Amino acid sequence: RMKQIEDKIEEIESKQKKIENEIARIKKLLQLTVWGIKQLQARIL
Amino acid sequence: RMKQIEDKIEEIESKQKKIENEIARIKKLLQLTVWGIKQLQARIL
Amino acid sequence: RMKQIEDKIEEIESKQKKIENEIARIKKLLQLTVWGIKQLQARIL
Ligand SMILES: [Cl-]
Ligand SMILES: [Cl-]
Ligand SMILES: [Cl-]
Ligand SMILES: [Cl-]
């Protein structure tokens, strides 16, 4: 039962690192959409 | 104690599932705003 | 062994809280980026 607990934890940690990666990539794309909007803003103004 | 550990792990998994679901919604919204901005770019440039 | 399990759970929940905080921030920034887009649209059209 402790083995089963340990294996579930290791799976949880692994899925959590993939969420951290996904969030990191999201923030990079978001920073680029923000830069794109400010570019357009500069132009129409 | 193992009961308390098992309960904690099932809340963490539950919460991690809802994080994954919010991350998918964020990616779709992000995809929509990248497209909206591309629509502006083609019309403004 | 059970202490190491508990410790790891506490590490995982702490990271989860920080992830949730990142998701909420990213959602706000996204809402603002969408607003900025809809403003440019209304101005252009
Ligand atoms: Cl065991
Ligand atoms: Cl998580
Ligand atoms: Cl027990
Ligand atoms: Cl112990």
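Values in this text are rule-based calculations from the coordinates and carry no lab data. Counting neighbours? That spans all protein chains shown, and the Cβs are built from the backbone with ideal geometry, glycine included.
Using only Cα atoms and rounding to the nearest 10 degrees, what angle (0 to 90) does helix B:2-44 make with the longest principal axis of chain B?
Around 0 degrees separate the two axes.
Taking Cα centroids, how far is chain A from region C:10-45 in Å?
Cα centroid of chain A versus Cα centroid of region C:10-45: 12 Å apart.
Using alpha carbons only, what's the Rg to Rh ratio of chain B with Rh from Kirkwood?
1.47
Using the Cα centre as the reference, give the magnitude of the dipole from point charges on the C-beta atoms of the protein assembly as shown (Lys, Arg: +1; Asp, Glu: -1; all else neutral), rounded to the nearest 20 debye.
900
Under 10 °C and 1.306 mPa s, how fast does the protein assembly as shown diffuse according to Stokes-Einstein, given a Kirkwood radius computed over C-alpha pairs? Answer in µm²/s, whole number.
Estimated via Stokes-Einstein, D reaches 93 µm²/s.
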